[PDB]
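Asker: what's the 3D shape of this:
(4 chains, ligands or ions: 2)
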Amino acid sequence: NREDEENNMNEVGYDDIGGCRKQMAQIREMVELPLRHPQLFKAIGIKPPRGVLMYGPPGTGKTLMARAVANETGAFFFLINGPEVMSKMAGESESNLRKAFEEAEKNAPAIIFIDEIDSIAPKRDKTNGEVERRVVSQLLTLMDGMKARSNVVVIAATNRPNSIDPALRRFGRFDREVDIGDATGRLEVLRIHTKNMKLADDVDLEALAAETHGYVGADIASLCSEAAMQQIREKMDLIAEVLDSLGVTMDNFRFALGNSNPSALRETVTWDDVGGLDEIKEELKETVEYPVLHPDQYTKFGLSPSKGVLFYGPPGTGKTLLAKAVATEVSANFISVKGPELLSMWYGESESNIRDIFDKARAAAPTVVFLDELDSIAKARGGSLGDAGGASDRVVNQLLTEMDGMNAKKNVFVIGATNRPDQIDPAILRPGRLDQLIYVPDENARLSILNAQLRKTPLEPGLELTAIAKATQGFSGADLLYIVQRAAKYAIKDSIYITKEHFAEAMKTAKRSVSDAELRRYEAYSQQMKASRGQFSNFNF
Amino acid sequence: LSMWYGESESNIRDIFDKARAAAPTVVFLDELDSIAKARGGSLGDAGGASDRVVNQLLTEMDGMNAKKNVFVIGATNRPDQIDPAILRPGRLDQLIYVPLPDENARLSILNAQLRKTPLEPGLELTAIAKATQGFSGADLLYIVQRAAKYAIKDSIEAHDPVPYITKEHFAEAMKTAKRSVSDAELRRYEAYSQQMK
Amino acid sequence: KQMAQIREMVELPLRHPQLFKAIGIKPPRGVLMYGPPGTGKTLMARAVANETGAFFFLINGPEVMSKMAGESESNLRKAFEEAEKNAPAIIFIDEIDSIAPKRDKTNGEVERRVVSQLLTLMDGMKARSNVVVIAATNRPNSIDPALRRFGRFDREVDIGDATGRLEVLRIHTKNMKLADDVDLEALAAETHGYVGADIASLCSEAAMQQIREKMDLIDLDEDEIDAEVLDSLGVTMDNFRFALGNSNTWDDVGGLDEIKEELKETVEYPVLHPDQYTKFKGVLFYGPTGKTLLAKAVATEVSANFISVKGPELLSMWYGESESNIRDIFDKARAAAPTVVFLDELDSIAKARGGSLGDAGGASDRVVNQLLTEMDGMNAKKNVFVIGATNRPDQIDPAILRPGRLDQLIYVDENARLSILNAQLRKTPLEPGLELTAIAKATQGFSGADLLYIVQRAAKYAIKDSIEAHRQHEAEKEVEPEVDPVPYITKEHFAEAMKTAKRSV
Amino acid sequence: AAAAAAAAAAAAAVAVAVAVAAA
Ligand SMILES: Nc1ncnc2c1ncn2[C@@H]1O[C@H](COP(=O)(O)OP(=O)(O)O)[C@@H](O)[C@H]1O
Ligand SMILES: Nc1ncnc2c1ncn2[C@@H]1O[C@H](COP(=O)(O)OP(=O)(O)O)[C@@H](O)[C@H]1O
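Answerer: Numbering: from 1, shown residues only, chains lettered A, B, ... in the order given. Ligands and ions are numbered 1, 2, ... in the order given. Below, you will see the structure:
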């Protein structure tokens, strides 16, 4: 006794699914409307569809929804795995598939979930094995033919739905394709995963829904389980009264976020580590935070926001730090790729890499992309007359197509960062791609840089950061980081707070890696960009 | 294009057979400057593959086929670097040039872009259209986007305070302009157009 | 640490189920035991089974099959229902590599059926079962990831002692008239890597050597033995001694005393507690000397992990792959934290990327960028340490000699050459009338590799003289000296080997 | 009485492909 009741109540249901509202309701109605009343389909005089191809990233919850529908309806969930049914014996995997379909058609109208169909559907042309084509033909025979199916629906699951046969993706077999790929759904999953345990009273789920921006849904349960394990692990070192006042806290969730990092997603500061550049911080904060926080006002105005920002100037200025600081406050991801870390010697590999990065960008909205070394990627294609020139032309055309081509530009924030804007072609600087031409160029700013660098550091009341910043006279953020690193090395040498003599002995060994003629060139380029903006005034209508 | 040997041509054959099967069909080839590059001679493996792909395109658009309805639209920005075997009637017969918009065209572009945007009643766009030159549709889009951003700024700082984007918003947005296409790049297009003429 | 971990994992989920449920975590399900063979996983399983009065249903790997089809699933269900029926207990599944064939390389169907049955039986354990499973394996790679998924097996231990060895000795050898002058503490100390059965083989070989000792003197008379040889039987200490002997450094770097002292102290301090650093990685050697010898002494006698690669060993003439090699090398480095990445011949890899303008230049630039972006991303966590060594420091990249990535610069004589020759001539029967100070004073700009070459040419000349004397003795026998006519390497062999000795750099 | 049976299932081969470089 009791066991048969518990194993009935532990079953999953529609109350245990979160975020996939519209597709869950669509599958629910298209399954249950045949099962609740067939008189409606008798009156309308048509047969319902009998095939669902589910696609998306692995770990989303597709088989959980299929099991929930199979639990909420009087069906029989039979699970068929992809690599399990395939064997090396000739005529054995087809026999296993026929036996599974006969078992599904024998007892009751049931629901078949064949998982990982991409392993047993090699498109009949790219494969070399005969057994794969044989089981593909067995699947098309069991799904369509003379008296093929008698009141039974099959469900599939895959990650890449393009490597399936066009005969498999036909009507009657997989006639409905469901894309199970946000913050409110993640909060619903957190609420349904933290339902059977009293965690605390002062735990706020807003930070847990905003910081885990790249979690697919199957990692949230592992996160909560790891937190519940770590709480009992850290609360058992010393130990009726122990069971009272149990549960996880915010530091437990912070430790779960820190010890465990993988988000099962292929994705590569807080407004304080950057010093100076107040108007640049304000402009980036505006042009990033408004299309994320107020979509309804932008749909009321009926206009699409701007996307691309391009920075240029001397190296060691803080462009990557600015990109991280504008990415860190939103709930977006961050894909920071480098210039020469995508080019290959093969034919088509660089453009394939560009397509994969942009597909991974548009597969998770919103997402800011950080393209570095635009002078190394674009090269202002023009004419080179060579193999490297043709590869550069093809890379530039693929990049131009991915920025503004046959796309939807849902939520992609491309941010470029180069140190030579003269070697960029005038097609990426067109508005709509990289329209924001923000130039990133003092002692009052170096004070803020030293205050942002010395955030969590034991400081001396006798040191003067104004006296440190006054003797710079044209240093960079990299030079200030080198000075701070030398002071920290001298501090750890004196240990094995920061004192003033460490800075006094480290200020002499400065670098000043930037010369003067490159500064003259950058000022001449900025003056040319200022003089190109001509005959423009307040412009009274 | 593909990494391997003889696969970009299988790709071209597959897409064109798909087009011929599901006729009528419109195949939009974007940036022909990549695929349909002047064959000539490059003396390299990339040269060999980029010539094989062009030759496949020639035999697929005008070869031994049934002439079923398939309309190929090409869109390029360097038409001087395309094989003349493509630029010929039978494959791509008519070369339509789209210069920068004139005053009426740009005014119509602004009106089309603001089709679904609340605007002031007395704000005519003729002044902003006459007080510009050398611009493109993308540039007009940028000006409109900046005006919308200033209007949203005003709305947020007020917070239906400002239902309509106003003349001062548009003027402040137009205070800075893009000027995407420079004369250095435009004179080459003018030379190409007059050479074609 | 592993014994305390497994004791907690077998006590806390077995004694306070109410407390665990109150906490609200039911993650604990199955434990895995991997590692090299002969470490004590079966001994730990027996100690767990004999430290608890709970039920213990041991099931080995290939003992689950039978002629009847499907009997294996019925046996698995019977064992699981017996362990759930009797008591809150622990299940031991020994040799899981036979039941789980990793599901991809196999082609059978009853193996897939028994893997699916074990999956659906491990998943079907509720909170009121309160049973755990323990599983031991030999190789940690031929396991299903579906069995290693979250829910069944997530908490694995890496068993990589003398008291347990003395306990096993006192368990085995306590049933015999042993000796009167035996100390099993010495056998437990001198026995290092044995586990379970190797001590039994040691005792068996001790008994065999005792029988060999008391056979050639007392004349057992194999047709009919006497009765005086039965009671007079004792396995003495020497029998166990040569049964162990017949079964199965930092002082090696002469000179550079303050250099090795600073190197060791610095290495120890960085990997030590970080509280002082919080309150307040790498190095490179270059010179004309023993750099790889010092890297070997670090890899041996530092009490930390060690991974070393050559210069162009990680290079692929293609693209991407040559960066993926360094990427997964640094992935193995961050996986086995803390570690030391000994990059030999750094110049060959870096080459000061600069400008080369070719396919080799592009590969060098991509390698340097991969190295910089996979070394500069090392925080205070994962505590890796990169050691570089070179002969020419001119051709190293200043982008890799920058501060914040690799800032230390260890610069690396006659006495060191004499110490190197004395460490190379350690396990060698040298002639007693020979001094190496003449070779140390004569050789000035030489190196340890060419000193080894000199010693090897001397050994070759001595071997040639020995084989010539041996064939002369064979010819004289066919038409006696000692065991070797030249047992030691004379000074003439060294004086003839140094004739064709050069310098390396 | 008992009886024997013969069985010949399948085999698996390995292919070789050609790649194209861009200098
Ligand atoms: N929408 C969701 N609501 C609740 N739990 C979910 C959701 N999506 C995924 N999960 C959790 O993720 C885990 C894995 O999901 P499942 O559908 O079983 O497999 P898959 O990893 O193939 O997506 C499940 O244990 C489930 O608890
Ligand atoms: N305004 C600033 N405040 C604080 N640190 C800064 C600032 N500007 C630059 N830095 C420091 O200088 C470094 C610049 O590195 P990075 O952003 O990669 O290069 P670049 O500035 O050439 O794009 C950063 O590590 C950052 O810590």
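
Asker: So what's the residue count around residue A:432?
Answerer: Neighbourhood size, residue A:432 [other Cβ atoms under 10 Å in any protein chain shown]: 21. For the C-beta atoms, the positions are set from N, CA and C on the backbone; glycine is no exception.

Asker: so what's it up against?
Answerer: Taking Cβ atoms under 8 Å, 6 or more residues apart in numbering or on different chains, we find residue A:432 in contact with A:307, A:308, A:403, A:404, B:138, B:141, B:142.

Asker: cool, residue B:82 as well?
Answerer: Applying Cβ under 8 Å, 6+ apart, the residues near residue B:82 are B:32, B:33, B:36, B:37, B:38, B:76.

Asker: and these, which two are the farthest apart?
Answerer: Among the contacts of residue B:82, the pair separated by the greatest distance (Cβ to Cβ) is B:38 and B:76, at 12.3 Å.

Asker: ok, now how distant is whatever residue of chain D ends up closest to ligand 1 from residue A:113?
Answerer: Nearest residue of chain D to ligand 1: residue D:12, at 28.6 Å (Cβ to the nearest ligand atom). Between residue D:12 and residue A:113 the computed distance is 29 Å (Cβ to Cβ, to the nearest Å).

Asker: What residues of the longest helix along chain B count as buried?
Answerer: Longest among the helix segments of chain B by residue count, using DSSP state H, is helix B:137-158. Within helix B:137-158, the residues that qualify as buried are B:137-152, B:154-155, counting by 16 or more other Cβ atoms under 10 Å in any protein chain shown.

Asker: show me what contacts the residue most central in space within chain B?
Answerer: Taking Cα atoms, centre = their mean, the centroid of chain B lies closest to residue B:75, which sits 6.3 Å from it. Going by Cβ under 8 Å, 6+ apart, residue B:75 touches B:28, B:29, B:30, B:31, B:32.

Asker: For the residues you listed, pick the one with the most neighbours.
Answerer: Ranked by the number of neighbours (other Cβ under 10 Å), the contacts of residue B:75 place residue B:32 first, at 23 neighbours.

Asker: isn't residue A:16 right next to residue A:192, touching?
Answerer: Yes. Proximity of residue A:16 to residue A:192 meets the contact threshold set by Cβ atoms under 8 Å, at 6.0 Å.

Asker: Go back to the buried residues of helix B:137-158 and keep what's next to chain A.
Answerer: B:138, B:139, B:141, B:142, B:144, B:145, B:148, B:149, B:151, B:152, B:155 (Cβ under 8 Å from any Cβ of the partner chain).

Asker: Excluding chain neighbours, give the residue nearest to the second one in space.
Answerer: Leaving aside its sequence neighbours, residue B:139 sits nearest to residue B:178 (Cβ to Cβ, 6 or more residues apart in numbering or on different chains; 4.6 Å).

Asker: gap between residue A:90 and residue D:11?
Answerer: For residue A:90, the distance to residue D:11 - Cβ to Cβ - is 10 Å.

Asker: likewise residue A:483?
Answerer: For residue A:483, the distance to residue D:11 (Cβ to Cβ) stands at 68 Å.

Asker: Comparing these two, which shows the higher neighbour count?
Answerer: Legend: neighbour count by other Cβ under 10 Å for residue A:483 and residue D:11, higher for residue A:483 (22 against 7).

Asker: And for residue A:241, the neighbour number?
Answerer: By other Cβ under 10 Å, 6 other residues sit near residue A:241.

Asker: what does residue A:490 give?
Answerer: Residue A:490: 18 neighbours (other Cβ under 10 Å).

Asker: export the contacts of residue B:75 to JSON lines and tack on distance to residue B:172?
Answerer: Listed next are the contacts of residue B:75 as JSON lines, based on distance: Cβ to Cβ, whole Å:
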{"residue": "B:28", "distance to residue B:172": "38"}
{"residue": "B:29", "distance to residue B:172": "41"}
{"residue": "B:30", "distance to residue B:172": "36"}
{"residue": "B:31", "distance to residue B:172": "36"}
{"residue": "B:32", "distance to residue B:172": "40"}
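
Asker: Among those residues, which one lies nearest to chain C?
Answerer: Chain C lies nearest to residue B:31 out of these, by Cβ to the nearest Cβ, at 24.1 Å.

Asker: I'd say that closest one and residue A:402 touch.
Answerer: No. With contacts counted by Cβ under 8 Å, residue B:31 stays clear of residue A:402, the gap being 11.2 Å.

Asker: so what's the residue nearest to residue B:139 up against?
Answerer: A:431, A:435, B:135, B:138, B:139, B:142, B:143.

Asker: which one among those residues gets closest to ligand 1?
Answerer: residue A:435 (38.4 Å).

Asker: can you list the residues of chain A near ligand 1?
Answerer: Taking Cβ under 6 Å from any ligand atom as the contact definition, chain A meets ligand 1 at A:16-20, A:58-64, A:189, A:192, A:217-218, A:221.

Asker: can you list the residues of chain B near chain D?
Answerer: Residues of chain B lying close to chain D by Cβ under 8 Å from any Cβ are B:3, B:4, B:5, B:44, B:45, B:46, B:49.

Asker: and the two most separated of the residues you listed?
Answerer: Across the residues of chain B next to chain D, the longest distance by Cβ to Cβ is 17.1 Å; it joins B:4 and B:44.

Asker: Tell me which residues of the strand or helix carrying residue A:281 come out buried.
Answerer: According to DSSP states H and E, residue A:281 maps onto helix A:278-293. Under the neighbour-count criterion of 16+ other Cβ under 10 Å, helix A:278-293 has A:280, A:284, A:287, A:288, A:290, A:291, A:292 buried.

Asker: Now the first one: closest residue in space that isn't a chain neighbour?
Answerer: I take that to be residue A:280. residue A:438 (6.2 Å).

Asker: wait, doesn't the one you found sit right on residue A:310?
Answerer: Yes. If you go by Cβ under 8 Å, residue A:438 and residue A:310 touch, sitting 6.8 Å apart.

Asker: that older thread, can you list the neighbours in contact with the helix holding residue A:281?
Answerer: Residues outside helix A:278-293 that contact it (Cβ under 8 Å, 6+ apart) are A:271, A:274, A:298, A:305-306, A:309, A:322, A:325-326, A:329-332, A:366, A:368, A:411, A:413, A:436, A:438, A:440, B:149, B:152-153.

Asker: Could you tell me which of these are located in strands?
Answerer: Cross-referencing the contacts of helix A:278-293 against strands under DSSP state E gives A:309, A:368, A:413, A:436, A:438.

Asker: What spatial separation is found between residue A:464 and chain C?
Answerer: From residue A:464 over to chain C the distance is 21 Å, taken as Cβ to the nearest Cβ, to the nearest Å.

Asker: same thing with residue A:234?
Answerer: Distance from residue A:234 to chain C, by Cβ to the nearest Cβ: 11 Å.

Asker: any idea how far that residue lies from residue A:249?
Answerer: 11 Å.

Asker: Provide a PyMOL selection command restricted to the buried entries of the contacts of helix A:278-293.
Answerer: Buried residues within the contacts of helix A:278-293, by 16+ other Cβ under 10 Å, are selected in PyMOL with:
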select buried, (chain A and resi 274+298+305+306+309+322+325+326+330+331+332+366+368+411+413+436+438) or (chain B and resi 149+152)
